[PDB]
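Sequences listed follow chains A, B, C, D, E, F, G and H, in order. Everything in the first sequence is counted per this note's numbering, starting at 1177 for the first residue and increasing by one. Everything in the second sequence is counted per this note's numbering, starting at 1177 for the first residue and increasing by one. Everything in the third sequence is counted per this note's numbering, starting at 1177 for the first residue and increasing by one. Everything in the fourth sequence is counted per this note's numbering, starting at 1177 for the first residue and increasing by one. Everything in the fifth sequence is counted per this note's numbering, starting at 1177 for the first residue and increasing by one. Everything in the sixth sequence is counted per this note's numbering, starting at 1177 for the first residue and increasing by one. Everything in the seventh sequence is counted per this note's numbering, starting at 1177 for the first residue and increasing by one. Everything in the eighth sequence is counted per this note's numbering, starting at 1177 for the first residue and increasing by one.
There are 8 protein chains.
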Amino acid sequence: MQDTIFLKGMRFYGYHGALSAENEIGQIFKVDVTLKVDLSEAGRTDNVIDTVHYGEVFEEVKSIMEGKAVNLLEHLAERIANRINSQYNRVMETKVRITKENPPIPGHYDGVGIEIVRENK
Amino acid sequence: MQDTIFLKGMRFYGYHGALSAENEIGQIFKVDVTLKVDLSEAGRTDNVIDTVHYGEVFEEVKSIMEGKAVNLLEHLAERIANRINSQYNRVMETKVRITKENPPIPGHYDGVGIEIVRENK
Amino acid sequence: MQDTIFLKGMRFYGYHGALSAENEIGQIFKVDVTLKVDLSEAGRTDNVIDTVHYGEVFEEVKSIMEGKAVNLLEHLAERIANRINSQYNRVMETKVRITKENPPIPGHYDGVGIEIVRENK
Amino acid sequence: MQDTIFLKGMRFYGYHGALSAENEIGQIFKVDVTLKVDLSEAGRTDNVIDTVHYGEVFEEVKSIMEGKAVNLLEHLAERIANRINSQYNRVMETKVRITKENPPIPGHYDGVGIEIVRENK
Amino acid sequence: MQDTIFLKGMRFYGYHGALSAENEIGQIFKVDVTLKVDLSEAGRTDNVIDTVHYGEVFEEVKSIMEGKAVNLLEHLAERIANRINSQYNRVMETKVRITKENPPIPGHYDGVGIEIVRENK
Amino acid sequence: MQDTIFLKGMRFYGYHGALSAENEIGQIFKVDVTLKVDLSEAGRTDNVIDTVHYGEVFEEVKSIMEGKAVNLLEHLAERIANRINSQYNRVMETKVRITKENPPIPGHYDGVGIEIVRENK
Amino acid sequence: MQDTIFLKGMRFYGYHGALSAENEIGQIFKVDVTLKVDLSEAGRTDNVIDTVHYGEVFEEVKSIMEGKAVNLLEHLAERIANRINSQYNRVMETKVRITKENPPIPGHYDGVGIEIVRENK
Amino acid sequence: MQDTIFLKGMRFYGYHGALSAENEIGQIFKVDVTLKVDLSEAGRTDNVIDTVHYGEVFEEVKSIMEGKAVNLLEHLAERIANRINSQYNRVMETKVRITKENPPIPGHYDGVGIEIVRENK
Ligand SMILES: Nc1nc2ncc([C@H](O)[C@@H](O)CO)nc2c(=O)[nH]1
Ligand SMILES: Nc1nc2ncc([C@H](O)[C@@H](O)CO)nc2c(=O)[nH]1
Ligand SMILES: Nc1nc2ncc([C@H](O)[C@@H](O)CO)nc2c(=O)[nH]1
Ligand SMILES: Nc1nc2ncc([C@H](O)[C@@H](O)CO)nc2c(=O)[nH]1
Ligand SMILES: Nc1nc2ncc([C@H](O)[C@@H](O)CO)nc2c(=O)[nH]1
Ligand SMILES: Nc1nc2ncc([C@H](O)[C@@H](O)CO)nc2c(=O)[nH]1
Ligand SMILES: Nc1nc2ncc([C@H](O)[C@@H](O)CO)nc2c(=O)[nH]1
Ligand SMILES: Nc1nc2ncc([C@H](O)[C@@H](O)CO)nc2c(=O)[nH]1
């Protein structure tokens, strides 16, 4: 089963992070979310109820990203993957990638972040 | 067998979508199409008949994308994958990715979409 | 006097526009704001009070862009230029550029928009 | 008077050009159009009739670019500037930039093209 | 064994292609080449003789791409993969991706091309 | 006299800024420097002594940007323009643009900054 | 186990390389580092000690890249993978990609480089 | 008279430069050329003889850029401006911008270069 639903480069201004001044100031978080969902039925019926609404998915992601400051990207991604797997039975698996393109690290780079994959069991 | 024929970032203005005002206004759809085709014969003969014409493939994709408004990306991609697998025996598998970089979702992101993979059986 | 203060590519999701379905759905608006301000005093004192706070400027722009739906970019830019010239005596002139990269126009382009320049008299 | 209405990076597939094989094959043309129009009235009334409709402007540009193959970019831009200045009394001046990012010139570059400015008298 | 040597986005002006006017005019070809080579020995000795010289690899690719006009990308990639596998015993496998970002296809896209993978046996 | 020497998009990690947490954490500063220098003599002699060494210019800019934390971009740019005009008699004028692409401002934009122009008298 | 910690497009000015003039002049090296680490515990506790600090990882990478000139990318990547696997028990595997976008190779391309994957045993 | 003919981002591999190791290794040079030419006649006749052939212009630029190593960008641009003004009577003025995006300067930037403007008298 290789079909996916994706939301790519979602950007939220948040205050998450280990460092306190980091929580003070905040930064932009970029989030990719990929859902392993079987799409041939909705592909068959062209009815949205047969698939997972990507619109609703985005509001869920935003709630968490624009929610209470937490320490780790690992934790942020974990709560998004839960929220999504618990809300949508059709989702076999949830992949969550969170990037900080501009964290408090002196140097030159494009970004740093984590990615997790969480089967819905 | 890892050889492919691809068409990347095809852009069409269409009126597909769940929301009606969305069908009214329309938007740009970006489409990626990847075909699992065995290329060493055409690689051997340098004759186009031994491979799948990417030119013809594009007109097929455009017919569908610039065709009658449907509700779901899942459905649009499904009809492209059929059209292609039915027209070309050489295609072992068809992968179809459709992105809406600017759908009616209030927020900041790069795109949302689906991707499907359909073996030609 | 060639010194400026600028805010570039500000992006807001708004519902402005002539077409009603356009007001329904909304879209992303990109805004550039350039202020002709004489900077050598703040350049001398390194005191923020001698210059125009770009932070405050952004909230003003956002209020308008993320405010009540209006018909024209010409009108949106006009209210930003007023707001700014009226709030900040130091601003000799205000330039306001508003772009719709994805308006309801069927075709392929990077953007459409207006730009105005308004002296503070 | 520094206010403008602009349409940026419009892309059309056309067959214009000196070389015949060039007319045969065709290519993508990128067009920028900038109109010197006084916007403070429409800025005042928020009524579209007080300004030049950028939507209508685009169809004019497309008619010409996706029209009969001509030899020179100079000529293509000339007919767009006429069409526009003749259709819209409010336009004081029309600037037309046409780029061929991929003309029949062996080498490595981003583009080649012309730009003209035509007052509406 | 997951180590690779890669050359990415090589660009050559060539005249390859099915259409004759296409052979007449020519275009830019972008080539990606990825070699499955075991790198821990050269990783150990820091001696170039223990690895495949990417410099030499590029001249090989250029010879073919900037060589006699052929009909198909499938064929071009085939001759590069041979040339490379035959010249370098250390290469376990050769992957060759050739893209035409601007072929004679009327429409809007980022590119079309093929990709092949050829084990060195 | 329209000739210039330019250094574009120089990036430095610095701790400048009004906000203290901003001084704590730091950020990337992008700097553009444009020098109005008459180049036809060095254009004539191909001798570097007849022109301003852009290499040396960069070290000057870096000293300041990667120097003691100051409050304002206005002040940072002022010290670069001095340093340069005082060090190089040939420079008729110095233009200094400093951008913060990611300052502590909650929202979506490309950057904020100032630009100054300082004749060497 | 598909979770990763990544650092993407890190850029360092270094003098590594086979050619001596290359060691003389130096160039920019871009480095991607991907760590296969199991993140659900830190995902559970939101405590940094349960995961690998990406900040510390970057300083390690920089030490090596901005360290003594070596001949091969293969060797540079090898020392980064060691350094990391030896320092962090939690890392199951380390992937290191090093690109030279502008090496001493006459031609037009985006980059050349190597990528290695090293399990921590 | 504001009409121009332009060639943008031409890229050549050359060995120009002050430093000798720089002449040894070489680098990519990016060149912009803008010609102030009156285009309304060719705009009138659609005959190429009434305007300056941008194709021929490019070969001239390449001859110089891919010609004998010289010390300064100032000198390179000077010889291009001459060559062009001397060859084409119609050119009122020639603007030449030459950028080194990756010169031997340790640091992080987008480019350094010069720009000159030379009237054809
Ligand atoms: N794996 C992992 N490593 C980290 N290292 C440092 C920080 C801090 O929040 C800051 O120092 C940088 O944002 N966060 C993380 C994190 O969230 N995950
Ligand atoms: N998986 C999936 N989810 C969707 N959610 C909303 C919409 C609607 O057309 C619009 O609200 C957004 O385009 N379409 C889809 C869709 O086509 N697929
Ligand atoms: N100058 C100018 N021309 C316009 N033409 C059409 C529209 C409408 O809102 C829509 O049709 C497109 O967004 N708006 C404008 C506008 O705001 N300004
Ligand atoms: N100023 C100017 N110069 C030109 N040189 C060559 C060509 C031809 O159509 C082709 O050889 C390249 O597209 N066209 C032009 C042109 O349209 N304008
Ligand atoms: N798989 C494959 N399909 C193709 N379709 C058309 C063309 C022609 O050369 C031109 O019409 C387009 O470049 N070439 C190819 C090709 O090389 N490969
Ligand atoms: N003109 C001008 N306005 C500013 N507003 C806020 C800040 C502060 O350092 C921070 O709040 C944002 O970086 N700095 C400036 C500044 O340097 N210049
Ligand atoms: N696999 C591999 N091939 C190479 N070929 C040439 C060079 C030299 O340092 C220079 O000629 C180019 O940077 N280095 C390498 C290298 O580091 N790895
Ligand atoms: N204005 C100007 N300044 C320069 N500074 C250093 C170098 C040298 O060739 C090298 O050190 C850097 O490419 N060239 C120049 C140059 O060509 N122009």
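Where a beta carbon is used, it is the ideal one built from N, C-alpha and C, also for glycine.
Taking Cβ to Cβ, would you say residue i is nearer than 8 Å to residue j?
i, j, result
"residue 1184 of chain A", "residue 1275 of chain A", "no"
"residue 1255 of chain C", "residue 1270 of chain C", "no"
"residue 1213 of chain F", "residue 1237 of chain F", "no"
How long is the line joining the alpha carbons of residue i and residue j, rounded to whole angstroms?
i, j, result
"residue 1235 of chain B", "residue 1287 of chain E", "14 Å"
"residue 1202 of chain C", "residue 1285 of chain F", "18 Å"
"residue 1192 of chain C", "residue 1251 of chain C", "10 Å"
"residue 1224 of chain C", "residue 1283 of chain C", "46 Å"
"residue 1265 of chain H", "residue 1195 of chain C", "51 Å"
"residue 1242 of chain F", "residue 1267 of chain A", "49 Å"
"residue 1229 of chain C", "residue 1226 of chain H", "53 Å"
"residue 1177 of chain B", "residue 1278 of chain G", "34 Å"
"residue 1253 of chain F", "residue 1262 of chain C", "27 Å"
"residue 1272 of chain C", "residue 1259 of chain C", "12 Å"
"residue 1189 of chain D", "residue 1280 of chain E", "10 Å"
"residue 1187 of chain F", "residue 1200 of chain E", "45 Å"
"residue 1290 of chain A", "residue 1211 of chain G", "9 Å"
"residue 1179 of chain D", "residue 1198 of chain C", "25 Å"
"residue 1240 of chain C", "residue 1257 of chain C", "10 Å"
"residue 1233 of chain A", "residue 1182 of chain A", "10 Å"
"residue 1231 of chain H", "residue 1296 of chain E", "43 Å"
"residue 1222 of chain B", "residue 1204 of chain D", "28 Å"
"residue 1292 of chain H", "residue 1292 of chain F", "21 Å"
* **Complete runs of the beta strand (DSSP E) confined to the region 1246–1280 of chain H [at least 3 residues]** => 1267–1276
* Contact the region 1210–1221 of chain E vs the region 1241–1248 of chain E: 3+ CB pairs below 8 Å -> no
* Proximal residues, the region 1281–1293 of chain H versus chain G, C-beta separation under 7 Å -> 1282, 1283, 1284
* Asked: Name the residues in the region 1237–1258 of chain G whose C-beta lies less than 8 Å from a C-beta of chain E; which are they?
  -> 1246, 1247, 1248, 1250, 1251, 1253, 1254
* Which residues, in order along the region 1184–1200 of chain H, keep a beta-carbon less than 8 Å from a beta-carbon of chain G? -> 1187, 1189, 1195, 1197, 1198, 1200
* **the region 1200–1211 of chain H: positions lying closer than 8 Å to chain D by Cβ** => none
* Length at least 4, wholly inside the region 1210–1245 of chain H: the alpha helix (DSSP H) runs in chain order -> 1216–1221, 1230–1241
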